[PDB]
Amino acid sequence: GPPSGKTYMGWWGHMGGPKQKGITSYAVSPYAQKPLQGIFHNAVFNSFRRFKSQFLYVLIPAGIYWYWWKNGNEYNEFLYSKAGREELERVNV
Amino acid sequence: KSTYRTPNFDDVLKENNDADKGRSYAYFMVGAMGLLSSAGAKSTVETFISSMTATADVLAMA
Amino acid sequence: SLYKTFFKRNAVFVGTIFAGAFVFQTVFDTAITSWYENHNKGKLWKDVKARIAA
Amino acid sequence: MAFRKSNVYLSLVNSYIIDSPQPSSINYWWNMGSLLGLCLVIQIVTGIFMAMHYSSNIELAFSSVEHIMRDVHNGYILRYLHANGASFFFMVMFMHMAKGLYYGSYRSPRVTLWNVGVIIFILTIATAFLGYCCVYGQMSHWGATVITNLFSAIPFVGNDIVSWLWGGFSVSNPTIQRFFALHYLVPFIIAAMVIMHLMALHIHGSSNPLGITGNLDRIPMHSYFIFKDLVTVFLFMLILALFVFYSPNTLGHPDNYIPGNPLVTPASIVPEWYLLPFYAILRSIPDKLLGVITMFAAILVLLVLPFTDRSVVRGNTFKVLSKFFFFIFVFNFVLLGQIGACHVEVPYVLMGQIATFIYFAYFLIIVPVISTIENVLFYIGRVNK
Amino acid sequence: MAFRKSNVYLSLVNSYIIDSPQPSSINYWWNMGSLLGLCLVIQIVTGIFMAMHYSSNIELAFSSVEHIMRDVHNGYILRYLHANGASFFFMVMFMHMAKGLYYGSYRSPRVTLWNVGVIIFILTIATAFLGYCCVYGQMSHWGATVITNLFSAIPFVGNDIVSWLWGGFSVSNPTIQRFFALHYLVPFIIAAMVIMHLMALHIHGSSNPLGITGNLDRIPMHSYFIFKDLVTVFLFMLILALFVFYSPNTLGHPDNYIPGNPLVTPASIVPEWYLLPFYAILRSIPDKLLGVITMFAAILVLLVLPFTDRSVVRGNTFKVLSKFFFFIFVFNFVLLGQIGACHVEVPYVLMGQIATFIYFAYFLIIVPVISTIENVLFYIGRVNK
Amino acid sequence: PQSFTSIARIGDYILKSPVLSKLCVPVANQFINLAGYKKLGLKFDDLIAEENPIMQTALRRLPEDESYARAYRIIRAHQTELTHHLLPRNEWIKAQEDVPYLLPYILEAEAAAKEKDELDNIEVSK
Amino acid sequence: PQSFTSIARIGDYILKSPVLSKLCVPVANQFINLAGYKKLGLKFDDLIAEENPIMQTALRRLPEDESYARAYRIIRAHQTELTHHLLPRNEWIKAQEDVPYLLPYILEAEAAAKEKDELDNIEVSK
Ligand SMILES: CCCCCCCCCCC(=O)OC[C@H](COP(=O)(O)OC[C@H](O)COP(=O)(O)OC[C@@H](COC(=O)CC)OC(=O)CCC)OC(=O)CCCCCCCC
Ligand SMILES: CCCCCCCCCCC(=O)OC[C@H](COP(=O)(O)OC[C@H](O)COP(=O)(O)OC[C@@H](COC(=O)CC)OC(=O)CCC)OC(=O)CCCCCCCC
Ligand SMILES: CCCCCCCCCCCCCCCCCC(=O)OC[C@H](COP(=O)(O)OCCN)OC(=O)CCCCCCCCCCCCC
Ligand SMILES: CCCCCCCCCCCCCCCCCC(=O)OC[C@H](COP(=O)(O)OCCN)OC(=O)CCCCCCCCCCCCC
Ligand code: HEM
Ligand code: HEM
Ligand code: HEM
Ligand code: HEM
Ligand SMILES: COc1c(O)c(C)c(C/C=C(/C)CC/C=C(\C)CC/C=C(/C)CC/C=C(/C)CC/C=C(\C)CCC=C(C)C)c(O)c1OC
Ligand SMILES: COc1c(O)c(C)c(C/C=C(\C)CC/C=C(\C)CC/C=C(\C)CC/C=C(\C)CC/C=C(\C)CCC=C(C)C)c(O)c1OC
Ligand SMILES: CCCCCCCCCCCCCCCCCC(=O)O[C@H](COC(=O)CCCCCC)COP(=O)(O)OCCN
Ligand SMILES: CCCCCCCCCCCCCCCCCC(=O)O[C@H](COC(=O)CCCCCC)COP(=O)(O)OCCN
Ligand SMILES: CO/C=C(/C(=O)OC)c1ccccc1Oc1cc(Oc2ccccc2C#N)ncn1
Ligand SMILES: CO/C=C(/C(=O)OC)c1ccccc1Oc1cc(Oc2ccccc2C#N)ncn1
């Protein structure tokens with residue numbers, strides 16, 4: 001077939017990054033390691049900072065929208081009761 | 001430093017390697033998964049296939 | 001050794017996970033049905049028919 | 001070479017799910033795409049087996065579904081897996097698109113991949129609308145009456161598009177028979193778009209949660225991400241089984257167990273939960289022609305994001321202002337779904353109009369202004385001048 | 001480069017119908033493959049528009065087709081183009097396969113291309129059988145009764161495959177409803193096999209009528225074979241229009257305009273013309289189990305031809321003995337179709353048994369013996385010894 | 001499919017028999033003239049199918065002056081075929097020019113592949 | 001999308017103003033420390049998206065001792081990310097090491113592409 005266009009990823013042996021020189025890596029077989037050494041030292045301290053260094057970007061927008069919905073629901077409940085009957089004709093104009 | 005010096009791997013290594021116990025427990029868990037996946041896939045096909053047999057109103061006029 | 005008698009020979013490692021799953025179906029279905037009916041005793045139709053015999 | 005690389009049909013399998021180079025640092029959010037492939041197979045296979053027992057006449061459609069629930073062997077399993085499986089399909093698709101917004105997956109060189117995905121989202125919405133009509137419950141009849149009447153406000157062609165869509169003068173017997181035939185077809189068009197979606201992905205590969213190049217450290221797909229995919233497949237099936245067997249009517253409306261009556265209007269006309277935010281956008285425009293244009297613009301505005309993002313960095317990982325306004329947009333989408341299930345009453349009318357403005361202002365105002373400011377703060381915090 | 005070569009979706013179009021190198025000497029027999037692609041589009045598009053008006057209940061199926069002929073605007077055009085278009089689909093497919101036998105297209109390196117084509121031929125036969133049932137005429141009911149009763153002679157599983165195929169005790173209402181749902185699906189499986197068929201063809205290209213290599217003189221597809229394809233497209237449409245408008249019931253049976261009656265047997269049970277040779281092979285074996293095995297072996301014997309052809313030359317152009325026995329096989333196929341439309345009477349019973357033997361002896365006896373003799377005659381007519 | 005070693009074994013047995021070479025050899029001369037490949041300007045060894053490893057080996061070892069002449073005969077036969085004509089009668093291949101030029105290269109490559117297959121699946125004895 | 005020539009034009013205007021550099025520069029220092037890329041061992045110029053012709057030109061012209069060190073920082077940041085950890089505190093990038101090493105190569109390639117675009121779409125007058 002015809003050759004393709006120019007991309008930003010290749011294949012094994014010609015992947016297309018920069019040239020590497022001076023880096024050594026080491027690894028050990030999984031058959032020679034301890035079986036399942038995580039629930040502790042990861043539920044102790046690791047799985048608390050991973051979201052509570054991030055919790056303030058979620059809960060400030062969540063508290064704004066929950067305050068807005070709860071305030072509007074109590075005002076609709078007041079308007080259709082007996083005590084809020086006089087305001088109801090005023091705001092449906 | 002020298003590339004012949006291997007870094008510290010001691011907090012993950014077993015105290016005794018014992019190659020016939022580490023292989024035996026990993027192949028028990030992979031074998032139990034293929035056992036339950038085959039029994040689950042078999043009942044799934046038989047649920048779909050048996051929906052093409054005669055319905056309850058057809059069997060009442062037999 | 002019990003790797004090489006159970007999980008090496010992969011003419012029956014495909015086989016034993018295909019034959020242990022056959023006898024697994026009847027033992028599992030007998031155990032749950034017996035637990036499910038004993039948890040609901042006195043409410044089934046067979047417990048009703050035994051004293052609507054009149 | 002090996003036979004998996006030399007055969008004409010196995011080399012497509014090998015280059016996609018066996019030997020394909022993945023970045024080593026992708027997390028569990030990158031598993032949603034393969035769950036969507038499992039959901040499409042589940043909807044197609046349960047669809048064929050139910051269609052062997054279904055009648056699409058308007059006098060027979062409601063009783064055919066009751067015949068499936070009562071007389072077909074394991075027929076209640078086929079229906080409940082089908083109806084609840086459509087809600088799980090939309091939930092995984094919402095999380096898949098929100099992953100793309102957060103990590104900047106829409107950016108170059110992946111614009112064609114993002115554009116094909118927007119077409120898939122439109123076809124999935126149209127599919128679920130047509131299958132809901134085939135029940136012919138009371139919510140099925142009046143939901144089709146409301147949506148098809150929107151197209152008569154189009155100038156000069158509007159009153160003839162609607163009667164061409166009805167096959168008559170209202171929602172009647174030719175409408176239900178043509179809606180079931182279209183409902184069979186569109187999932188096969190979706191399956192062809194998924195193949196075009198996977199071809200564009202093979203050209204450039206996936207992104208990673210750091211936003212930078214992945215060409216320096218790759219691991220192959222087989223036995224690493226195959227076994228990581230099995231963890232989320234079994235968790236998905238377990239939660240779906242809890243809904244099918246233990247609470248099968250929680251995600252539906254009880255008015256759909258009343259047969260369709262064109263003379264009795266229900267007290268409230270409510271769509272399914274995954275179409276509720278688009279229903280609230282439509283009810284916030286008082287003019288009828290501008291309301292249906294704004295309703296379709298809420299999907300087509302996803303195409304402007306490759307041009308309104310001005311940042312020189314891909315993704316939201318190192319940007320604190322873009323993190324804050326992303327979650328403002330997420331909880332605004334939940335509020336619009338809640339407004340769409342309420343009555344047209346004070347103060348829900350004004351709340352829906354403000355939330356509609358915030359939806360469109362995120363794509364066109366907030367993203368280009370905030371990403372320009374974050375470009376300048378990175379510069380002057382480092383350069384000594 | 002140009003945009004037709006650099007784009008991801010247009011380069012597939014460019015390498016298949018624009019820039020693909022063709023041998024310069026192929027004749028008009030090489031145009032049948034693109035006519036089959038037009039026939040599949042015609043059958044799918046007329047199928048969807050008729051399905052908007054069709055009811056598959058056994059009390060409503062015959063009157064739904066009469067409703068299409070009388071009340072639908074241009075509904076008689078949709079049905080007559082659909083029914084006559086199925087006969088034109090089988091005629092072009094027979095000529096396409098006979099071109100492959102004559103020129104040796106089944107040989108290496110095109111064995112995978114020939115094997116995928118045999119799967120397509122099986123799925124097309126099953127499609128036309130299911131659509132004929134959906135009319136529920138008198139020939140529809142009794143033709144389905146005869147064929148489905150063949151499977152009860154299979155040992156130990158036979159009496160439970162048939163009642164699983166009926167959904168009951170005979171051909172009844174669950175049989176027609178499941179046959180219409182299967183009839184919708186199988187043309188989409190055929191369309192996926194056609195894509196796999198075109199992938200294997202792109203690897204090696206086409207053969208040529210001389211049987212030798214085409215790599216020395218190639219011309220591109222666009223404006224030479226595009227305009228040669230237009231000549232046979234317009235001739236095909238003209239002959240199809242003469243049947244649809246001027247003689248629309250010549251290729252059918254008048255008993256199919258009587259509604260299906262399970263208490264009255266017709267005087268003669270005859271299939272459509274393109275299934276008549278396989279019907280005569282089945283009636284020539286007196287034992288019921290061996291008759292259904294021989295009927296399915298008549299399609300599967302096409303797979304032995306890459307192994308029984310012993311010649312060192314590809315094709316029949318320069319072989320006078322292979323030319324003679326090819327046309328013996330062609331007129332034997334026409335005679336088997338004529339026997340299948342006769343009564344079971346003397347002397348048609350013995351004539352069908354001899355013609356059944358000649359069909360199987362061509363693939364297994366005649367081709368390996370004649371091609372071995374032609375190898376030796378080429379040698380000793382040249383070598384001086 | 002049938003090897004050229006098998007074709008030459010049957011064919012040389014007929015040509016040595018004085019009674020079989022009086023029966024089959026007149027029939028083979030009528031068979032070649034009715035085939036008609038010489039009227040398109042081809043020799044028989046141009047017609048052999050080449051998409052196999054034995055034929056690719058024999059075509060590589062052909063001398064280059066014969067390889068140039070083989071390419072011209074194949075190209076001229078394709079052009080004559082698309083015009084639905086035959087060559088002029090003074091351009092037809094004569095019988096004394098229809099020689100097996102490729103046959104010794106084919107038989108040498110077949111014998112080497114047979115000897116390799118026998119040494120790769122072999123027994124021993126003490 | 002926004003060019004680095006435009007970013008440097010806005011940023012150098014703020015840094016020369018004595019009243020604007022007292023307001024925005026304390027806010028920019030808190031913005032970078034909250035971003036957290038230095039705790040993974042990265043400089044800011046490692047984070048620039050590279051799949052465009054201007055960035056491919058600037059990465060080719062980088063000296064090779066700086067190109068080897070950039071490749072090690074990117075690889076170390078991918079390994080730290082998949083373990084869901086941070087680097088030890090003595091391996092963090094300091095503020096006096098977070099310098100714009102790639103910025104002069106980017107600005108030179110942008111100015112050459114602008115001059116070529118102006119000469120290719122140009123008017124004349126007699
Ligand atoms: C709806 C039906 C579909 C059902 C399946 C869909 C699953 C969707 C879940 C959302 C998601 O995909 O992202 C998950 C993301 C965590 O991504 P990560 O790679 O950084 O964490 C790797 C971990 O450290 C090691 O995880 P590891 O691989 O070591 O163990 C697996 C873990 C369970 O993993 C999962 O099930 C993944 C869903 O097993 C255990 O917990 C052991 C004790 C039983 O989580 C987060 O980023 C934030 C957490 C809350 C997200 C909820 C938001 C939902 C709207
Ligand atoms: C359901 C029916 C659907 C019908 C739709 C159309 C399908 C047609 C099916 C018939 C068919 O397949 O025809 C193929 C067959 C080709 O086999 P062949 O190798 O012997 O002849 C080379 C080519 O024709 C030369 O045809 P020729 O090339 O000489 O024609 C001249 C011109 C084209 O003229 C035409 O357009 C007339 C159609 O081309 C030029 O050379 C001038 C360019 C400057 O044609 C022949 O000429 C052989 C005659 C036998 C046909 C008997 C069919 C038995 C079933
Ligand atoms: C037109 C279509 C519009 C589509 C809009 C879709 C809106 C539907 C809502 C879908 C919610 C999905 C939100 C999360 C999207 C995933 C992408 C993401 O936010 O990244 C995960 C985030 C980052 O965490 P890290 O900082 O540890 O990783 C950084 C990379 N190194 O880690 C997190 O912070 C995860 C926290 C997730 C909390 C989100 C709560 C959502 C509640 C929705 C409830 C809806 C039902 C009521
Ligand atoms: C599952 C098993 C399926 C079996 C499939 C078999 C299907 C048989 C059904 C009929 C198919 C029609 C056969 C058409 C023959 C196609 C063969 C072909 O492709 O061309 C052969 C031949 C080539 O002739 P040349 O052009 O090469 O002559 C040049 C001088 N050498 O071209 C010719 O000579 C054309 C001569 C005309 C052939 C007349 C055939 C008559 C067919 C009667 C059909 C009756 C239907 C009612
Ligand atoms: C992407 C694929 C699909 C989606 C999202 C989808 C969605 C739906 C939905 C939402 C309903 C209404 C269910 C209810 O509330 O009761 C429905 C009904 C139905 N669908 Fe589908 N569907 C899909 C594919 C198919 C296919 C391919 C077929 C047929 C071959 C099919 C056949 C049916 C039938 C017969 C019904 C009516 C029975 C019922 O109510 O469950 N569906 N579909
Ligand atoms: C039936 C529907 C879909 C299927 C089967 C599907 C499948 C996939 C798969 C398997 C991947 C690669 C793995 C992954 O990143 O999760 C992917 C990536 C992607 N998809 Fe989808 N998808 C679907 C719908 C969509 C939609 C609706 C959108 C957006 C509107 C979309 C946009 C994307 C993008 C941008 C990526 C690249 C993500 C990245 O590289 O980081 N897709 N898709
Ligand atoms: C390769 C594709 C197809 C073939 C060969 C085929 C063949 C046939 C045949 C032979 C009949 C009987 C016609 C008669 O004698 O009256 C028929 C009927 C029918 N088919 Fe198809 N069909 C195809 C595709 C489709 C598709 C895709 C659909 C639906 C979406 C469809 C819908 C129908 C309907 C509704 C009928 C009954 C109306 C009638 O009798 O014409 N067909 N088909
Ligand atoms: C819907 C059905 C089919 C379609 C759309 C189709 C399409 C095509 C096309 C376009 C070609 C190339 C042009 C040509 O040689 O005519 C081709 C070639 C071929 N087809 Fe088909 N085909 C179909 C069915 C079949 C069947 C049923 C068989 C055999 C049992 C078959 C076997 C072949 C072979 C052997 C070739 C190569 C011919 C050569 O190179 O000389 N195809 N097909
Ligand atoms: C030897 O070299 C050749 C060669 O010579 C030729 C001619 C071709 C081209 C010939 C072909 C037959 C290819 C074209 C294939 C087809 C036409 C098959 C059709 C494929 C499908 C997937 C069928 C689906 C198509 C549809 C239109 C179905 C959709 C229907 C719709 C949308 C109508 C319903 C809509 C409504 C509103 C009711 C080659 O590909 C080729 O190889 C390189
Ligand atoms: C980045 O690297 C990745 C990657 O990360 C991933 C996840 C994938 C994952 C791939 C997928 C998830 C595949 C996508 C899924 C599909 C394309 C599904 C398509 C759907 C179908 C084909 C539906 C067909 C269903 C049928 C035909 C069933 C029909 C029912 C029948 C026949 C009933 C039986 C009838 C009787 C009478 C018994 C990649 O390919 C990939 O490489 C690019
Ligand atoms: C419409 C979307 C299309 C998407 C295409 C996706 C590919 C789906 C294929 C899935 C895997 C199928 C495995 C095929 C098995 C290996 C192929 C093979 O055996 O080919 C041949 C034998 O021919 C056949 O019998 C084909 C079988 C038909 C298969 C139809 C399903 C193997 O022999 P060969 O040596 O020629 O293989 C090298 C080919 N380059
Ligand atoms: C395996 C069989 C199935 C494969 C089918 C292949 C045929 C598909 C249809 C081909 C028709 C061509 C479609 C238009 C091509 C132009 C696309 C384009 O301009 O690319 C994009 C525009 O993005 C889009 O919006 C794509 C919309 C696709 C709509 C298809 C429904 C820009 O072009 P780009 O610069 O990216 O080209 C390089 C690609 N590597
Ligand atoms: C047939 O009724 C279908 C309904 C449904 O929910 O289907 C799943 C439905 C029921 C009641 C009321 C409305 C209903 O339908 C719909 C349809 C709908 O469609 C769109 C969604 C996004 C953008 C445009 C449209 C349109 N039109 N948006 C909202 N509700
Ligand atoms: C529903 O009846 C279908 C018929 C038909 O012609 O459909 C197009 C039909 C009518 C009368 C008699 C028989 C009929 O069906 C058939 C079916 C048939 O099927 C096969 C063809 C080739 C190989 C095996 C089979 C089978 N089974 N071979 C012959 N006639």
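Within every chain, numbering begins at 1; the chains are lettered A, B, ... in the order of the sequence lines, protein sequences first and strands thereafter. Numbering of ligands and ligand atoms starts at 1, following listing order.
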For D:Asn27, atoms of ligand 1 separated by under 4.0 Å from a heavy atom: 19 (O)
What atoms of ligand 1 come within less than 4.0 Å of a heavy atom belonging to D:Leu235? 36 (O)
What about [X] and [Y], are their ring centers closer than 6.0 Å?
| X | Y | value |
| --- | --- | --- |
| D:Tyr80 | D:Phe243 | no |
| D:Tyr136 | D:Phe62 | no |
| E:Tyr54 | E:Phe180 | yes |
| A:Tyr57 | D:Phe326 | no |
| D:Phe179 | D:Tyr184 | no |
| E:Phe329 | E:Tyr359 | yes |
| E:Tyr279 | E:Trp273 | no |

Is there a side-chain hydrogen bond (donor to acceptor under 3.5 Å, both in side chains) between B:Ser51 and D:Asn74? Walk through the geometry before answering. CA-CA 6 Å; B:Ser51 80; D:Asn74 304 313; over 6 Å; no
Checking a contact table here: which protein heavy atom is nearest [atom], and how many Å away?
| atom | result |
| --- | --- |
| atom 3 (C) of ligand 5 | D:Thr127 CG2, 3.7 Å |
| atom 16 (C) of ligand 4 | E:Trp29 CH2, 3.8 Å |
| atom 27 (C) of ligand 5 | D:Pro187 CG, 3.9 Å |
| atom 41 (C) of ligand 4 | E:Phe331 CE2, 4.3 Å |
| atom 5 (C) of ligand 1 | D:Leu35 CD1, 4.2 Å |
| atom 22 (C) of ligand 1 | G:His84 NE2, 3.7 Å |
| atom 12 (C) of ligand 4 | E:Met95 CG, 4.3 Å |
| atom 31 (C) of ligand 5 | D:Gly47 CA, 3.7 Å |
| atom 45 (C) of ligand 4 | E:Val334 CG2, 4.1 Å |
| atom 2 (C) of ligand 5 | D:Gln43 CB, 3.6 Å |
| atom 4 (C) of ligand 1 | D:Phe236 CA, 4.0 Å |
| atom 10 (C) of ligand 4 | E:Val330 CG1, 4.4 Å |
| atom 33 (C) of ligand 1 | D:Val231 CG1, 4.6 Å |
| atom 55 (C) of ligand 1 | D:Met95 SD, 4.2 Å |
| atom 37 (C) of ligand 5 | D:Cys134 CB, 4.5 Å |
| atom 31 (C) of ligand 1 | D:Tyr28 OH, 3.9 Å |
| atom 20 (N) of ligand 5 | D:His183 CE1, 3.3 Å |
| atom 13 (C) of ligand 5 | D:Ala83 CB, 4.1 Å |
| atom 9 (C) of ligand 4 | E:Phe333 CD2, 4.3 Å |
| atom 13 (C) of ligand 4 | E:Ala98 CB, 4.1 Å |
| atom 25 (P) of ligand 4 | E:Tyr103 OH, 4.6 Å |
| atom 12 (C) of ligand 5 | D:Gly131 O, 3.5 Å |
| atom 7 (C) of ligand 1 | D:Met32 CE, 4.0 Å |

Before signing off on this row, confirm whether D:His82 and ligand 5 have an N or O atom pair separated by under 3.5 Å. yes
Any heavy-atom pair between the side chains of E:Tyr102 and E:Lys323 that's under 4.5 Å? yes
Can you check [atom]: any protein non-hydrogen atom closer than 4.0 Å?
| atom | result |
| --- | --- |
| atom 9 (C) of ligand 1 | no |
| atom 12 (O) of ligand 1 | yes |
| atom 45 (O) of ligand 1 | no |
| atom 23 (C) of ligand 4 | yes |
| atom 20 (O) of ligand 4 | yes |
| atom 36 (C) of ligand 4 | no |
| atom 37 (C) of ligand 1 | yes |

So is E:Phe121 touching ligand 4 or not, going by heavy atoms under 4.0 Å? yes
Contact between E:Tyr359 and ligand 4, counting heavy atoms under 4.0 Å? yes
Going by distance alone, is a donor N or O of one side chain under 3.5 Å from an acceptor N or O of the other, for D:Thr124 and D:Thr127? no
So, D:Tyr257 versus D:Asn249: side-chain donor-acceptor pair below 3.5 Å or not? yes
Of all the heavy atoms in D:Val135, does at least one lie under 4.0 Å from an atom in ligand 5? yes
If you measure from [atom] to every heavy atom of [options], which option wins on shortest distance?
| atom | options | answer |
| --- | --- | --- |
| atom 15 (C) of ligand 1 | D:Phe234, A:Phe51, D:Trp30, D:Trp29 | D:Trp29 |
| atom 10 (C) of ligand 5 | D:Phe90, D:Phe129, D:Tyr274, E:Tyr184 | D:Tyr274 |
| atom 34 (C) of ligand 5 | D:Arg79, D:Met50, D:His53 | D:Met50 |

Cationic tip of D:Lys228 within the cone over D:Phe225's six-membered ring, i.e. under 6.0 Å and within 45° of the normal? no
Quick one: does ligand 5 sit under 4.0 Å from the side chain of D:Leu40, the backbone, both or neither, non-hydrogen atoms only? side chain
E:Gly211 backbone acceptor or donor facing E:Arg314 side chain under 3.5 Å: yes
If we set the cut-off at 4.0 Å for heavy atoms, which region of E:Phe363 has an atom near ligand 4: side chain, backbone, both, or neither? neither
